[PDB]
Ligand SMILES: Cc1cc2nc3c(=O)[nH]c(=O)nc-3n(C[C@H](O)[C@H](O)[C@H](O)COP(=O)(O)OP(=O)(O)OC[C@H]3O[C@@H](n4cnc5c(N)ncnc54)[C@H](O)[C@@H]3O)c2cc1C
Ligand SMILES: NC(=O)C1=CN([C@@H]2O[C@H](COP(=O)(O)OP(=O)(O)OC[C@H]3O[C@@H](n4cnc5c(N)ncnc54)[C@H](O)[C@@H]3O)[C@@H](O)[C@H]2O)C=CC1
Ligand SMILES: O=c1[nH]c(=O)c2[nH]c(=O)[nH]c2[nH]1
Ligand code: FES
Ligand code: FES
């Protein structure tokens, strides 16, 4: 047959024309309208698309439940399963416990990741109603969250665990009743008796055969060896979606019993090639628990790799055979199968052979020695023998769900009773274009004794045998080489210990006890968290919620998937899809465009270019950007045009058929390129104070250096999205947009169209994150789509794929700084000169303002009497960089702390004392001559240093480092000062509009947009206090240019300050109008006053407005206040580094933050944690790599590694400063969004302390650029291994920009 | 009356907090709003006409 | 608007009140979330009532612009408006009449 | 109003009215209505929230 039949949320689906290219995600959202399931990445990384599958498993004879990525599941793989989405477990009328707990525990901010995390937890509970803490954490290896900093999610869900004034009350959570879960569809149980018949599905381009038997599979593969096997689709889906490969015939063998069986033999365990890795895991775990240790060495090796192998969603469907045959050079399994000589059975029609994985199995890149007509039946994973030891190793950029830089299986067999080597196998991924054996090094060690000579022989052989070209794919050549030796070292030591336990301690020797920690398998203590904040006054009304931890108003709907983001809006029946076509050259003339292939794609409508722009092609904040490229392209990612088609699928296909011919022009890529070409945005910016010459002459010491700071991709979980709806009259258009800047969106659309602003309406209900990346760069999508709507007269929609968004929309500015600091032997700083350079990319955008804010924070917390900072913004052929939470502040302040770190080391004084004695005091002027009033930073410092027990912990750190040779701890406490207000004075304004309807209910709006920061929640708290009515009577629906005009972007942490005042004033106007009615009826309720005013013909509508007073700095006179007030905070962080791998644990972080009298401590603590964790990514994990020709390599979660659940400080404590009202902002609060981010530098400087200790163990003022990744950490821990592994020019994989 | 355009409503539910947007051929947005809100049992502030 | 040219009349009124051409003023629609608690369009009264409403909202805008008008009594409307915006003066107002 | 494009998921409503000046409703039978292709539901007083 050819009907596809499955269930969704208990409802039967019969699809008569299933296309094999249709994913479950697309089917849920577009065909069934169920938009709770989200698109976050399309490549298995983020988990936003997580759903549960149930089926009757014929082989285990029971109903099973597992999670999958809907983004990678072909619907054609889902015949006779039952899908459950977020909508299927609960809704706001009756929330599932999982939904209730994540909402009420403040575990949903932007809400875009909530459904997927809900579904991971839900599936766990369906499998294990009493999970451990460890199991809960493991449920989310495949889920990403950019907003929360993960703590609240884990803390909320800990309430489910067997072994599990406050922010939430677990006692109020309703209990779990598993009898109340959805029935397994009865029809599927009845169908379980029918034999499986082969199925055929035919799409636009692809034919899918679901084979029921081995005979049908082999027959098919003999007659069409081109038939592409698909099991889990976790490779093939990526190949199709991102590498534009098309396999017009697919066969899915997943149903076939012989590919799914598990057989225990005398030599080991045989897994059918279609067995999911989840089943390999459960089977090997059981065998490891019950068999003798001596037999399970290889099994534990496999398990060690599978620990850091994707998450539950991927492992549920990813087959063991799929990994083997894909034959990526960085397969984590193939090195272990090669090292252990695992036995593979291959079959075709009439043939059957058995082979041992060795070097010949992989004859070339992504090749195996299978014949075209052959399939893998099974792999036998062997028992270990007496005297046989195994280790597996993986080092990536992040532990969880990452691509290995190096990965390895290592096996030794000893001649019985001896420590003499009978066999030795060292196999590696990530060191060549295939999985390799060290076949030249290991023969030489046969018959040697396991000793220091063997260790040194093997390392010198590995350094010689495993060479890498300077240009090797993946770069990090020094690190990779170093890892092969370091992994061998760990294996060497581990084998010593294993010989020890075999009673051969006398022959091989004891392990030095300071070496023991080198061999430990990665392990974390359980998490411990503290949140401290201040109770409101006893006397405060229970209806006054200002200062209370009210949950985000949309949390319940975000948990239920009912909250609507832009792409969740139903399409109009006549709606069209747009796809951008972007430059593949950093700098070139466009010589011609051929759309001839695009025109052949079904549903193609048109290709828009600069010629189609009705009015002006000049856009961007400083009017230096094209809407569409005209004559030349100036970055890889520069938008040339836009395809319009019926569907996103046809628009993608048509975009690929737009062929562009270029002639290259000289490209300026790097900051150095830009300096050498005098390529900058405007003139040098400068702040200077005192006498630099005096100060340097007086200094006991002077230290000079440089620091490089890598950029950052926002990774808002919802990408850029616009719907433009033309109204057919008078140029009128309405746009629905994920943007922080409705005003600029409106302006830019209207100028492009040549219509007045009054014709264009921009609406924002909410964003799934913004973080600065939607302050301006959203408009490059909005303008394109508006033009399409204008041209066609039809609604048009575009949501960017993650790869497109990451390429086009730019990021945080990389900075290069050159510093010189003069200081006394006491640690007192007397002179500082810093030259800052940023890489701005190919339009100005906000670059100059970002550099201003960097210069405004080059002091961080420190009084420096003689100081000069300069900044220059580099104009380059890269995507334009823009706002990112911190807006230059973090870069400026890292530089400050970096030279400060060197001051302390040069003086030989404790860093905390050196920072404290340089700290400003109350009443001091900054370098830009602004007075520091209400300076809470010393209180934050004293509180943090005491509550974190910093001094006592320093003693423990020193002790650890004296007792461990190959792991080291570091500990650092860092302060911050962050100036609050836009650097551009007039942007410090906001407005609101309030209506009171005659039922007494209140509809409020203001200029701010909700992006997960709880702005609407705060404005409702504010309005409720101001009007003295419950929050329940006040509602905010959305943000719109036609309710509040001329709004500033939701930016600069200031939006609660600005909109809070506007809201307060609007409310005051309403109260003044109600006064006479309140006087006449002082008891009678709100509703009576309102009705009385109405029937007395009194207006119940008012605007409100605020501007921040007394702002305006001059660079010429170094006078006037840029800022209204400053935020203050301190963080102390502890780390443990692995000196052999570069990995590290974030052991503990303690934060004390001044948020004034918090409007909402639940939201504010969430902003502290979320900002802190983004900073943790900036400084330690997140790295963008570009080709030498300026092409971004890093375009998705596979390569771009944001913090994972497992990344956060194990012990994570946050205190909001008590008794610190800030009376110049709304209800004495302070802004919170950006200031905490820089406090993650505490982790950077803790790492730097740990490296210093490692360097003393095995050059003072060593370099540590940001981010301090495993590469940078490992390379800086110089030792006997790095020595053996250490060319211009010489082009390499990537260039530092 | 024989208005050439007869009575006509489109109601668009937003799936959040009872919110609903109505496009109506009416002289009386206020009573439209009131009457819809009372029938559904939601506040006036959820209903836009 | 039901064919009686109410929006036409309100644009004419606003243009006089503000002293700018009708071309610079637009009305898109009527909505309960821009003006609440409205009487029906009835009793022949709607241009009388809304015209006063419109006139008052326009007077509020004028009062807010007058310092910028005094400092450039010739400079065009567009310069007064942009000056007010960059001086962080509100360019939104309600109006009402009974 | 009716010139506005329909959403891809938009439904259509038709009122059912009395054919009597003054009467008790003794029963309502929707069996024939349920057979019409595309039928979703029949709303009555009991459906009012
Ligand atoms: C988010 C994510 C994380 C990942 N993490 C890791 C990781 O840490 N380490 C790692 O090594 N990999 C990783 N992978 C890669 C991937 O998950 C695995 O390689 C997976 O095992 C592929 O199996 P599949 O059933 O999904 O393969 P499919 O994509 O269906 O097929 C893959 C290839 O194998 C072929 N094939 C499948 N079965 C057979 C058979 N029986 N005979 C012959 N050919 C066959 C297909 O024709 C195809 O070429 C990751 C992938 C994703 C999406
Ligand atoms: N998406 C995810 O999150 C994860 C995916 N995987 C695997 O990662 C793969 C990534 O695929 P691709 O990006 O196409 O990369 P790939 O399969 O080409 O492997 C890239 C790596 O191979 C090595 N390599 C390739 N050529 C080399 C040479 N000439 N010299 C030295 N080393 C060389 C380098 O280690 C390089 O970084 C996926 O197909 C999947 O199998 C594994 C872990 C996580
Ligand atoms: O001074 C600022 N101006 C901005 O426009 C902005 N944007 C942002 O994210 N932070 C800041 N800071
Ligand atoms: S959208 Fe499927 S994992 Fe990200
Ligand atoms: S709340 Fe998790 S990505 Fe936003």
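Note that we place each Cβ from the backbone using ideal geometry, even for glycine, and neighbour counts take in every protein chain shown. What follows is calculated from the coordinates using simple rules that are stated; it is not laboratory data.
Contact order, relative form, for segment A:8-154: 28 percent (alpha carbon pairs under 8 Å, 6 or more residues apart, mean separation divided by residue count).
With all distinct Cα pairs included, what does the Kirkwood hydrodynamic radius of segment A:566-722 come out to in Å, to one decimal, could you say? Evaluated over segment A:566-722, this radius sits at 19.8 Å. Return the whole-Å distance between the Cα centroid of segment A:105-152 and the Cα centroid of segment A:430-506. When both Cα centres are located, 39 Å separates them.
Averaged over the residues of peptide C:83-96, the number of Cβ atoms from other protein chains lying within 10 Å of each residue's Cβ is 6.
Which whole-number percent gives the relative contact order of segment A:480-585, counting Cα pairs below 8 Å spaced six or more residues apart? Mind showing how you got there, number by number?
On the way: 25 pairs, mean separation 15.0, N = 106.
It comes to 14 percent, rounded to a whole number.
Using only atoms on other chains, find how many Cβ atoms lie within 10 Å of each Cβ of peptide B:21-27 and report the average.
Values: counts 4, 2, 4, 2, 3, 5, 7.
Averaged over the peptide's residues, the number is 4.
How much of the calculated P(r) for the protein assembly as shown lies past 69 Å, in percent of all Cα pairs? Here the long-distance tail beyond 69 Å is 9 percent of all Cα pairs in the protein assembly as shown. What the Cα atoms of segment A:984-1111 give is an Rg and a Dmax of 15.0, 48 Å. For segment A:889-993, the alpha carbon positions stretch 63, 34, 25 Å along the principal axes, listed from largest to smallest.
With Cα atoms as the point set, segment A:255-384 shows a radius of gyration and Dmax of 14.0, 41 Å. So what's the gap between the Cα centers of segment C:1-22 and segment A:1222-1297, to the nearest angstrom? Taking the Cα centre of segment A:1222-1297 as reference, the centre of segment C:1-22 is 64 Å away. By the count of other C-beta atoms within 10 Å, a proxy for reagent exposure, A:202, A:844, A:713 are ordered fewest to most as A:202, A:844, A:713. When A:662, A:492, A:898 are arranged by Cβ crowding within 10 Å, least crowded first, meaning fewest neighbours, the order is A:662, A:492, A:898.
Taken along its principal axes, the alpha carbon cloud of segment A:756-842 reaches lengths of 72, 30, 25 Å, longest axis first.
Take every DSSP beta bridge whose two residues both sit in the protein assembly as shown, then give the antiparallel share in percent to the nearest 5. Could the numbers behind the result be given before it?
Working: 166 of 205 bridges.
The answer is about 80 percent antiparallel.
For the pair residue A:528 and residue A:963 in one chain, pulling the backbone fully straight at 0.36 nm per residue adds 154.0 nm over the alpha carbon distance.
When you look at the Cβ of every residue in A:755-761, what mean number of other chain Cβ atoms sits within 10 Å? Present the calculation step by step, with values, prior to reporting the outcome.
Values: counts 1, 4, 1, 5, 2, 0, 2.
Going residue by residue through A:755-761 and averaging, the value is 2.
Among A:181, A:373, rank each residue by its count of other Cβ atoms within 10 Å, from fewest to most, as a rough exposure measure. Walk me through the numbers on the way to the answer.
On the way: A:181 16, A:373 19.
Placing the least packed residue first, the sequence is A:181, A:373.
Summed over all non-identical Cα pairs, the Kirkwood treatment of chain B gives a radius of 11.4 Å.
Separation of segment A:1018-1032 and segment A:264-335, taken as the distance between their Cα centroids, equals 56 angstrom.
Normalised by the number of residues in segment A:607-646, the mean separation of alpha-carbon contacts (under 8 Å, six or more apart) gives a relative contact order of 45 percent.
Placing dummy labels 7 Å off each Cα toward the beta-carbon, the span from residue A:615 to residue A:359 is 6.9 nm. Just the C-alpha atoms of segment A:1-92: what Rg/Rh do they give, with Rh taken as the Kirkwood radius? With Rg and the Kirkwood Rh in hand, the quotient comes to 0.95.
Given in Å, the Rg to one decimal and the Dmax to the nearest whole number for the Cα atoms of segment A:385-502 are 14.5, 46.
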